[PDB]
Amino acid sequence: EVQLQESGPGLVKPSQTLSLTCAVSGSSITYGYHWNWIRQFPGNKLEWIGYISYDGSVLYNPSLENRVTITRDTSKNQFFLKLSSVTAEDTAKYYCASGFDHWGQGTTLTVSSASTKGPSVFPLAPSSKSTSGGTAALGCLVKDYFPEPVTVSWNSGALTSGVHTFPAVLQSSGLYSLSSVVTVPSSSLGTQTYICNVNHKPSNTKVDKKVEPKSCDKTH
Amino acid sequence: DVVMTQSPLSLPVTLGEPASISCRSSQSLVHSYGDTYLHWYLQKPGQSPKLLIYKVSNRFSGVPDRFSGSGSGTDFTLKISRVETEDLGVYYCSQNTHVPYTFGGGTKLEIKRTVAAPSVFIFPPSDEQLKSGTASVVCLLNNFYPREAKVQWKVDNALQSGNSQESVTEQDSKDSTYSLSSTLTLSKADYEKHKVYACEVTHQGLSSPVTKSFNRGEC
């Protein structure tokens, strides 16, 4: 059975040329397959890009035909996608496939002019009106980082129950933001300590943020 | 381009019970040489699509017997006789009869459960963030079902538009609920123009909209 493995640069800038490689195992690309490139946008919509055939024949999506080139190297059993003049809208996960029978695991590609930047981490403070003997919520806002991903844990991994870490959103600034929250007993506030551990490997940033109630006295 | 339309957008299912989803094309998918190149896939989070049914009704090698496709021309249907946990995910249809080859928008199968109203929390911007010149106001909707939920921001009772973003979690593996974050983003200067910040939440589990609010500076 055919096996496919995508590789790519991960990040490219607007106007540049994207180049992806698909390494094929278990089958030869000179046999009767349509070697497809397909991409999946954030939001999960799928788009067929084009294919190359056993004899080097190609077919492209007319919407991309002016920017797309699919080629191959039969000697190392690979084929390639070249996408010119990319913009942020070409950000997607790119798959290669044998027809549509078998797909690779895909390579995530981001197009952006943004510079590497570690997150600012802000507290989502527990409300001082949390229902007594009830449940409180607190969290961390992980704002303005690039590129993805960040990781978030609570109490160095010891706190996992009730945690929700939301998917990142891309802001109009070109930087990402996400929140991570947790629900805990109201009676635990001020006796238990809550710390969010945020790691952003692309910038070698590590931040531990203790989340506390905000001071409610007018005089403090 | 041939438009592929899948419905429903999401289908609540129960383990051990049947499921049925539809795929419709803007024109016939019959190819000039007789075959109908209509296929069905299943995709799980972070994973690539996997072929289930090819050419309308043919089970791909390895696919369980409980899967079956049918239909013709412009109307197609995938059926599961008895839904299993492994069948949860997003189902896609595609066509390569006509160039360009096109995909449907997907149909998610989610676990059905009892209605659960969200717990609602509002968080003001931290003083730390404010010193930096921006104000993020966050509204949390915790552990609700079903997915459908409306969050409206009101600033001094003026409804906000065009300045917020929402994110949602995947359905929880333990209790089959969703959680949702809504972030209202303002410059420090705009934030300081107003006093009352509220998020109003509407959901099937709430007999009346829930509002959580705070006054800028208190606490």
# chains A, B, ... in the order shown; residues from 1 in each chain; ligands from 1
>>> closest_atom_pairs(of="chain A", to="chain B", cutoff="7 Å", atoms="only C-alpha atoms", output="CSV")
residue,atom,partner,partner_atom,distance
A:45,CA,B:105,CA,6.0
A:46,CA,B:103,CA,6.0
A:47,CA,B:102,CA,6.5
A:48,CA,B:101,CA,6.0
A:61,CA,B:100,CA,5.1
A:62,CA,B:100,CA,6.8
A:101,CA,B:51,CA,6.0
A:103,CA,B:48,CA,6.5
A:104,CA,B:48,CA,6.9
A:105,CA,B:48,CA,5.5
A:106,CA,B:48,CA,7.0
A:122,CA,B:126,CA,6.4
A:123,CA,B:126,CA,6.3
A:124,CA,B:123,CA,5.7
A:125,CA,B:123,CA,6.6
A:128,CA,B:219,CA,6.9
A:137,CA,B:121,CA,7.0
A:166,CA,B:169,CA,5.8
A:167,CA,B:167,CA,6.3
A:216,CA,B:219,CA,5.0
>>> select_by_dssp(residues="chain B", states="strand (DSSP E)", output="MDAnalysis selection string")
chainID B and resid 4:7 10:13 19:25 38:43 50:54 58:59 67:72 75:80 89:95 102:103 107:111 119:123 134:144 150:155 158:159 164:168 178:187 196:202 210:215
>>> residues_around(residues="residue 153 of chain A", least_positions_apart="6", cutoff="9 Å", atoms="only C-alpha atoms", output="VMD selection string")
chain A and resid 159 to 160 163 165 180 195 to 199
>>> residues_around(residues="residue 173 of chain A", least_positions_apart="3", cutoff="12 Å", atoms="only C-alpha atoms", output="list in words")
residues 112, 113, 114, 115, 143, 144, 145, 146, 169, 170, 176 and 177 of chain A; 185 of chain B
>>> residues_around(residues="residue 35 of chain B", least_positions_apart="6", cutoff="12 Å", atoms="only C-alpha atoms", output="MDAnalysis selection string")
chainID B and resid 28:29 54:57 72:73 95:98
>>> residues_around(residues="residue 193 of chain B", least_positions_apart="3", cutoff="12 Å", atoms="only C-alpha atoms", output="list in words")
residues 135, 155, 156, 186, 187, 188, 189, 190, 196, 197, 215 and 216 of chain B
>>> atom_distance(atom1="atom CA of residue 81 of chain A", atom2="atom CA of residue 25 of chain B")
28.5 Å
>>> atom_distance(atom1="atom CA of residue 77 of chain A", atom2="atom CA of residue 110 of chain A")
26.3 Å
>>> closest_residue(among="A:134, A:98, A:206, A:65", to="residue 4 of chain A", atoms="only C-alpha atoms")
A:98
>>> closest_residue(among="A:192, A:164, A:99, A:15", to="residue 37 of chain B", atoms="only C-alpha atoms")
A:99
>>> atom_distance(atom1="atom CA of residue 18 of chain B", atom2="atom CA of residue 67 of chain B")
10.3 Å
>>> residues_around(residues="residue 142 of chain A", least_positions_apart="4", cutoff="7 Å", atoms="only C-alpha atoms", output="JSON, numbers by chain")
{"A": [119, 120, 121, 122, 177, 178, 179]}
>>> write_last_selection(atoms="N, CA and C atoms", output="PDB file, in the first residue's frame")
ATOM      1  N   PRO A 119       4.438  35.410  23.915  1.00  0.00           N
ATOM      2  CA  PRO A 119       3.166  35.914  24.433  1.00  0.00           C
ATOM      3  C   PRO A 119       3.305  36.769  25.682  1.00  0.00           C
ATOM      4  N   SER A 120       2.356  37.688  25.847  1.00  0.00           N
ATOM      5  CA  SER A 120       2.087  38.317  27.124  1.00  0.00           C
ATOM      6  C   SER A 120       1.017  37.470  27.785  1.00  0.00           C
ATOM      7  N   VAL A 121       1.154  37.238  29.085  1.00  0.00           N
ATOM      8  CA  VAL A 121       0.217  36.387  29.809  1.00  0.00           C
ATOM      9  C   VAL A 121      -0.466  37.199  30.896  1.00  0.00           C
ATOM     10  N   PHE A 122      -1.785  37.321  30.776  1.00  0.00           N
ATOM     11  CA  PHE A 122      -2.569  38.140  31.692  1.00  0.00           C
ATOM     12  C   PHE A 122      -3.554  37.270  32.465  1.00  0.00           C
ATOM     13  N   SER A 177      -3.890  34.886  19.743  1.00  0.00           N
ATOM     14  CA  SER A 177      -4.339  35.003  21.122  1.00  0.00           C
ATOM     15  C   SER A 177      -5.156  33.771  21.510  1.00  0.00           C
ATOM     16  N   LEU A 178      -5.025  33.326  22.755  1.00  0.00           N
ATOM     17  CA  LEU A 178      -5.903  32.278  23.279  1.00  0.00           C
ATOM     18  C   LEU A 178      -6.084  32.440  24.772  1.00  0.00           C
ATOM     19  N   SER A 179      -7.126  31.808  25.292  1.00  0.00           N
ATOM     20  CA  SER A 179      -7.358  31.767  26.722  1.00  0.00           C
ATOM     21  C   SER A 179      -7.384  30.330  27.202  1.00  0.00           C
TER      22      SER A 179
END
